[PDB]
Amino acid sequence: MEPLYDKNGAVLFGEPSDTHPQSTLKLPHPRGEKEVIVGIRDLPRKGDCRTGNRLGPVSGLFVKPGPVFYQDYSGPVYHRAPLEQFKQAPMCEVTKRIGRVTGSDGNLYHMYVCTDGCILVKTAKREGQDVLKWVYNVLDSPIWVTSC
Ligand SMILES: [Cl-]
């Protein structure tokens with residue numbers, strides 16, 4: 001199973017791994033002043049990092065299936081997409097491009113929200129060429145997609 005990380009950046013089980021250098025998640029980075037849910041129409045911006053915004057503090061963008069988006073989050077999170085909980089699927093009609101996420105396989109993925117509310121990833125380059133949807137979330141925890 002892909003590990004979770006606490007807001008001090010320590011692995012809560014298993015062994016820790018680094019993010020792909022080209023991921024939109026840049027570590028180390030603070031987070032977890034507050035858990036702040038946001039709507040997809042109110043996804044945060046880069047310049048919210050220091051000030052926060054109207055809705056509260058901002059460490060970046062987090063997402064889990066539902067879809068549920070957060071601009072900050074205090075509990076355990078994934079730093080890489082837990083691919084054991086994804087399944088192969090055709091490209092969807094995408095509604096939003098949300099960042100570049102490291103897969104639990106070490107590869108870079110483009111991450112999208114689909115019209116059907118699914119979170120989908122597509123491999124960024126190389127032999128890979130894979131499209132997968134996030135279908136299970138047994139630890140009910142988001143991916144940290146981007147850090148501000
Ligand atoms: Cl997993």
# chains A, B, ... in the order shown; residues from 1 in each chain; ligands from 1
>>> residues_near_ligand(ligand="ligand 1", cutoff="10 Å", atoms="only C-alpha atoms and all ligand atoms", output="list in words")
residues 1, 2, 3, 4, 78, 81, 82, 83, 84, 85, 86, 104, 136, 137, 138 and 139 of chain A
>>> write_last_selection(atoms="N, CA and C atoms", output="CSV table (one decimal), in the first residue's frame")
chain,number,residue,atom,x,y,z
A,1,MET,N,0.8,-1.2,0.0
A,1,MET,CA,0.0,0.0,0.0
A,1,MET,C,0.8,1.2,0.0
A,2,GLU,N,0.5,2.2,-0.8
A,2,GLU,CA,1.1,3.5,-0.8
A,2,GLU,C,1.0,4.2,0.6
A,3,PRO,N,2.1,4.7,1.2
A,3,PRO,CA,2.1,5.3,2.5
A,3,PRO,C,1.3,6.7,2.6
A,4,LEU,N,0.8,7.0,3.8
A,4,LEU,CA,0.4,8.4,4.1
A,4,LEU,C,1.4,9.1,4.9
A,78,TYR,N,-1.7,11.6,0.9
A,78,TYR,CA,-0.8,11.0,-0.1
A,78,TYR,C,0.1,12.1,-0.8
A,81,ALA,N,0.0,9.3,-6.0
A,81,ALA,CA,-1.2,8.6,-6.4
A,81,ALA,C,-1.2,7.1,-6.0
A,82,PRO,N,-2.1,6.6,-5.2
A,82,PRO,CA,-2.0,5.2,-4.8
A,82,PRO,C,-2.7,4.4,-5.9
A,83,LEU,N,-1.8,4.0,-6.8
A,83,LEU,CA,-2.3,3.3,-8.1
A,83,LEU,C,-3.0,2.0,-7.9
A,84,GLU,N,-2.7,1.3,-6.8
A,84,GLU,CA,-3.4,0.1,-6.5
A,84,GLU,C,-4.9,0.4,-6.3
A,85,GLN,N,-5.3,1.6,-6.0
A,85,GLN,CA,-6.7,2.1,-5.9
A,85,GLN,C,-7.2,2.8,-7.2
A,86,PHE,N,-6.5,2.7,-8.2
A,86,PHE,CA,-6.9,3.2,-9.5
A,86,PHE,C,-7.2,2.0,-10.4
A,104,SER,N,2.4,6.2,-7.6
A,104,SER,CA,3.1,5.3,-6.6
A,104,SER,C,4.2,4.4,-7.4
A,136,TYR,N,-11.1,3.6,-5.8
A,136,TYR,CA,-11.1,3.3,-4.3
A,136,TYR,C,-10.4,4.3,-3.5
A,137,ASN,N,-10.9,4.5,-2.2
A,137,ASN,CA,-10.2,5.3,-1.3
A,137,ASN,C,-10.4,4.7,0.1
A,138,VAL,N,-9.8,3.6,0.4
A,138,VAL,CA,-10.0,2.8,1.6
A,138,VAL,C,-9.4,3.5,2.9
A,139,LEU,N,-8.5,4.5,2.7
A,139,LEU,CA,-8.0,5.2,3.9
A,139,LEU,C,-8.6,6.7,3.9
>>> residues_around(residues="residue 8 of chain A", least_positions_apart="3", cutoff="10 Å", atoms="only C-alpha atoms", output="ChimeraX atom specification")
/A:5,11,28-32,74,76
>>> write_last_selection(atoms="N, CA, C and O atoms", output="PDB file, in the first residue's frame")
ATOM      1  N   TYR A   5       1.365  10.424   4.766  1.00  0.00           N
ATOM      2  CA  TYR A   5       2.288  11.346   5.418  1.00  0.00           C
ATOM      3  C   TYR A   5       1.507  12.270   6.330  1.00  0.00           C
ATOM      4  O   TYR A   5       0.381  12.664   6.012  1.00  0.00           O
ATOM      5  N   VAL A  11       6.378   9.709   7.269  1.00  0.00           N
ATOM      6  CA  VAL A  11       5.587   8.603   6.763  1.00  0.00           C
ATOM      7  C   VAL A  11       4.881   7.938   7.953  1.00  0.00           C
ATOM      8  O   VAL A  11       5.494   7.697   8.999  1.00  0.00           O
ATOM      9  N   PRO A  28      10.283  19.771   0.938  1.00  0.00           N
ATOM     10  CA  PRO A  28       9.348  19.938   2.070  1.00  0.00           C
ATOM     11  C   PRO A  28       8.501  21.206   2.043  1.00  0.00           C
ATOM     12  O   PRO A  28       8.905  22.220   1.476  1.00  0.00           O
ATOM     13  N   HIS A  29       7.327  21.144   2.669  1.00  0.00           N
ATOM     14  CA  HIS A  29       6.382  22.263   2.639  1.00  0.00           C
ATOM     15  C   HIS A  29       5.397  22.133   3.796  1.00  0.00           C
ATOM     16  O   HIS A  29       4.915  21.030   4.078  1.00  0.00           O
ATOM     17  N   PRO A  30       5.102  23.252   4.476  1.00  0.00           N
ATOM     18  CA  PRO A  30       4.140  23.207   5.572  1.00  0.00           C
ATOM     19  C   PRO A  30       2.688  23.088   5.102  1.00  0.00           C
ATOM     20  O   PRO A  30       2.371  23.390   3.963  1.00  0.00           O
ATOM     21  N   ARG A  31       1.821  22.659   6.011  1.00  0.00           N
ATOM     22  CA  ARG A  31       0.392  22.527   5.724  1.00  0.00           C
ATOM     23  C   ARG A  31      -0.321  22.195   7.010  1.00  0.00           C
ATOM     24  O   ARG A  31       0.289  21.723   7.963  1.00  0.00           O
ATOM     25  N   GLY A  32      -1.631  22.393   7.017  1.00  0.00           N
ATOM     26  CA  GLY A  32      -2.458  21.889   8.094  1.00  0.00           C
ATOM     27  C   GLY A  32      -2.772  22.900   9.181  1.00  0.00           C
ATOM     28  O   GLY A  32      -3.073  22.513  10.313  1.00  0.00           O
ATOM     29  N   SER A  74      -5.028  18.978   7.300  1.00  0.00           N
ATOM     30  CA  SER A  74      -4.199  18.689   8.481  1.00  0.00           C
ATOM     31  C   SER A  74      -3.942  17.216   8.700  1.00  0.00           C
ATOM     32  O   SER A  74      -2.945  16.845   9.305  1.00  0.00           O
ATOM     33  N   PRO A  76      -3.682  12.923   7.616  1.00  0.00           N
ATOM     34  CA  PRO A  76      -2.818  12.195   6.691  1.00  0.00           C
ATOM     35  C   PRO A  76      -3.146  12.490   5.208  1.00  0.00           C
ATOM     36  O   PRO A  76      -4.331  12.645   4.840  1.00  0.00           O
TER      37      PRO A  76
END
>>> residues_around(residues="residue 50 of chain A", least_positions_apart="5", cutoff="10 Å", atoms="only C-alpha atoms", output="VMD selection string")
chain A and resid 57 to 59 148
>>> select_by_dssp(residues="chain A", states="strand (DSSP E)", output="VMD selection string")
chain A and resid 36 to 38 60 to 64 68 to 72 80 to 81 86 to 88 94 to 103 108 to 114 119 to 123 131 to 134 143 to 147
>>> residues_around(residues="segment 33-40 of chain A", least_positions_apart="4", cutoff="6 Å", atoms="only C-alpha atoms", output="PyMOL selection string")
chain A and resi 69-74
>>> residues_around(residues="residue 108 of chain A", least_positions_apart="5", cutoff="9 Å", atoms="only C-alpha atoms", output="number ranges by chain")
A: 19-23, 100-103, 122-125
>>> write_last_selection(atoms="N, CA, C and O atoms", output="mmCIF file, in the first residue's frame")
data_model
loop_
_atom_site.group_PDB
_atom_site.id
_atom_site.type_symbol
_atom_site.label_atom_id
_atom_site.label_comp_id
_atom_site.auth_asym_id
_atom_site.auth_seq_id
_atom_site.Cartn_x
_atom_site.Cartn_y
_atom_site.Cartn_z
ATOM 1 N N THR A 19 8.941 12.854 -4.228
ATOM 2 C CA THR A 19 8.071 13.176 -5.365
ATOM 3 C C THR A 19 8.897 13.355 -6.628
ATOM 4 O O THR A 19 10.094 13.675 -6.586
ATOM 5 N N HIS A 20 8.234 13.192 -7.757
ATOM 6 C CA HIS A 20 8.874 13.396 -9.042
ATOM 7 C C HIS A 20 9.249 14.876 -9.115
ATOM 8 O O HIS A 20 8.432 15.727 -8.751
ATOM 9 N N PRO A 21 10.494 15.194 -9.545
ATOM 10 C CA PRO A 21 10.950 16.603 -9.591
ATOM 11 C C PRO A 21 10.036 17.561 -10.380
ATOM 12 O O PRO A 21 9.929 18.736 -10.039
ATOM 13 N N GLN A 22 9.417 17.052 -11.437
ATOM 14 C CA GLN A 22 8.446 17.805 -12.246
ATOM 15 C C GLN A 22 6.988 17.805 -11.713
ATOM 16 O O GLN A 22 6.108 18.457 -12.302
ATOM 17 N N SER A 23 6.721 17.108 -10.603
ATOM 18 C CA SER A 23 5.399 17.218 -9.915
ATOM 19 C C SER A 23 5.106 18.649 -9.497
ATOM 20 O O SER A 23 6.018 19.382 -9.141
ATOM 21 N N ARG A 100 0.202 18.060 -11.700
ATOM 22 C CA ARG A 100 1.049 16.938 -12.107
ATOM 23 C C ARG A 100 1.444 16.192 -10.846
ATOM 24 O O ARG A 100 2.109 16.722 -9.941
ATOM 25 N N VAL A 101 1.031 14.947 -10.801
ATOM 26 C CA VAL A 101 1.152 14.140 -9.600
ATOM 27 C C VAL A 101 2.113 12.993 -9.846
ATOM 28 O O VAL A 101 2.178 12.464 -10.939
ATOM 29 N N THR A 102 2.895 12.652 -8.834
ATOM 30 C CA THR A 102 3.762 11.495 -8.894
ATOM 31 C C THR A 102 2.847 10.301 -8.662
ATOM 32 O O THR A 102 1.994 10.365 -7.790
ATOM 33 N N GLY A 103 2.992 9.248 -9.469
ATOM 34 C CA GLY A 103 2.326 7.970 -9.222
ATOM 35 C C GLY A 103 3.083 7.156 -8.179
ATOM 36 O O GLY A 103 4.268 7.376 -7.958
ATOM 37 N N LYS A 122 -3.290 10.690 -16.362
ATOM 38 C CA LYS A 122 -2.697 10.171 -17.616
ATOM 39 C C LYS A 122 -1.200 10.321 -17.536
ATOM 40 O O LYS A 122 -0.725 11.355 -17.151
ATOM 41 N N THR A 123 -0.458 9.279 -17.895
ATOM 42 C CA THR A 123 1.005 9.312 -17.837
ATOM 43 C C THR A 123 1.507 10.510 -18.607
ATOM 44 O O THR A 123 0.946 10.832 -19.661
ATOM 45 N N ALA A 124 2.559 11.162 -18.101
ATOM 46 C CA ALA A 124 3.097 12.378 -18.725
ATOM 47 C C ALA A 124 3.946 12.136 -20.001
ATOM 48 O O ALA A 124 3.857 12.924 -20.960
ATOM 49 N N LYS A 125 4.763 11.077 -20.005
ATOM 50 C CA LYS A 125 5.609 10.715 -21.172
ATOM 51 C C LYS A 125 6.235 9.314 -20.995
ATOM 52 O O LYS A 125 6.106 8.701 -19.932
#
>>> residues_around(residues="residue 144 of chain A", least_positions_apart="5", cutoff="7 Å", atoms="only C-alpha atoms", output="VMD selection string")
chain A and resid 25 61 to 63 77 to 79
>>> write_last_selection(atoms="C-alpha atoms", output="mmCIF file, in the first residue's frame")
data_model
loop_
_atom_site.group_PDB
_atom_site.id
_atom_site.type_symbol
_atom_site.label_atom_id
_atom_site.label_comp_id
_atom_site.auth_asym_id
_atom_site.auth_seq_id
_atom_site.Cartn_x
_atom_site.Cartn_y
_atom_site.Cartn_z
ATOM 1 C CA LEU A 25 3.950 19.133 -5.306
ATOM 2 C CA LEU A 61 -4.543 21.846 -3.531
ATOM 3 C CA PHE A 62 -5.646 18.459 -2.223
ATOM 4 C CA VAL A 63 -8.210 16.118 -3.771
ATOM 5 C CA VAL A 77 -2.294 12.745 2.923
ATOM 6 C CA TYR A 78 -0.807 10.996 -0.073
ATOM 7 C CA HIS A 79 2.231 12.535 -1.817
#
>>> closest_residue(among="A:27, A:145, A:10, A:131", to="residue 64 of chain A", atoms="only C-alpha atoms")
A:145
>>> atom_distance(atom1="atom CA of residue 75 of chain A", atom2="atom CA of residue 147 of chain A")
15.6 Å
